[PDB]
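# Understanding the architecture of this molecule
What follows is each chain in one-letter form.
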Amino acid sequence: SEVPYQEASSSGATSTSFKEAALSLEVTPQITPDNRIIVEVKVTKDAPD
Amino acid sequence: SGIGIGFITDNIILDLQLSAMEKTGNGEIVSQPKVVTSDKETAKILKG
């Protein structure tokens, strides 16, 4: 779910920010012959405050 | 917490107290995070 921050600052900045506090896996696996992977993985758990 | 009261009231009210406090607090926190990292690469564990 995407925890935002709404800073609505009249003179030109509308920080209608958001960011999802979601479990997630962001994986970039590289497959090597013996059924192996060197993977760049982002494993994140975050949660609304 | 700590009051030692001596009171006279009947003849005269004369109150003599020794009021003492001793407080002891010990907090120990031991946390160990284990991270698997490539060699010469950065990896990060963050628990907060």
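Residues numbered from 1 in each chain as written, not as in the entry; some residues may be left out. Chains lettered and ligands numbered in written order. Part of a larger assembly, values for the part shown. Heavy atoms only, no water. Residues with missing side-chain atoms left out of burial classes, pairs and counts.

Structure determination for this entry, per the PDB record, employed cryo-EM and reached 6.9 Å resolution.

Where strand β3 (residues 24-32) of chain A and strand β4 (residues 36-44) of chain A come together, nine bridges link them in antiparallel fashion. Bridging from a neighbouring strand, A:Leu25 pairs with A:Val43 of β4(A). (Pairing = 2+ DSSP bridges. Helix = DSSP H or I, 4+ residues; strand = E, 2+ residues; numbered from the N terminus.)

Bringing unusual backbone geometry into the picture now. At A:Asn35, a position not held by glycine, the phi torsion is positive, near 50°. Even without a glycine there, the phi angle at B:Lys40 is positive, about 70°. Its location among the elements puts B:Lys40 in the segment after β2 (14-18).

Now for the environment of A:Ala13. Relative to the elements of secondary structure, A:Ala13 occurs in strand β2 (residues 13-20). Expressed as a C-alpha distance, the spacing of A:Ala13 and A:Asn35, which sit 22 residues apart in the sequence, is 51 Å.

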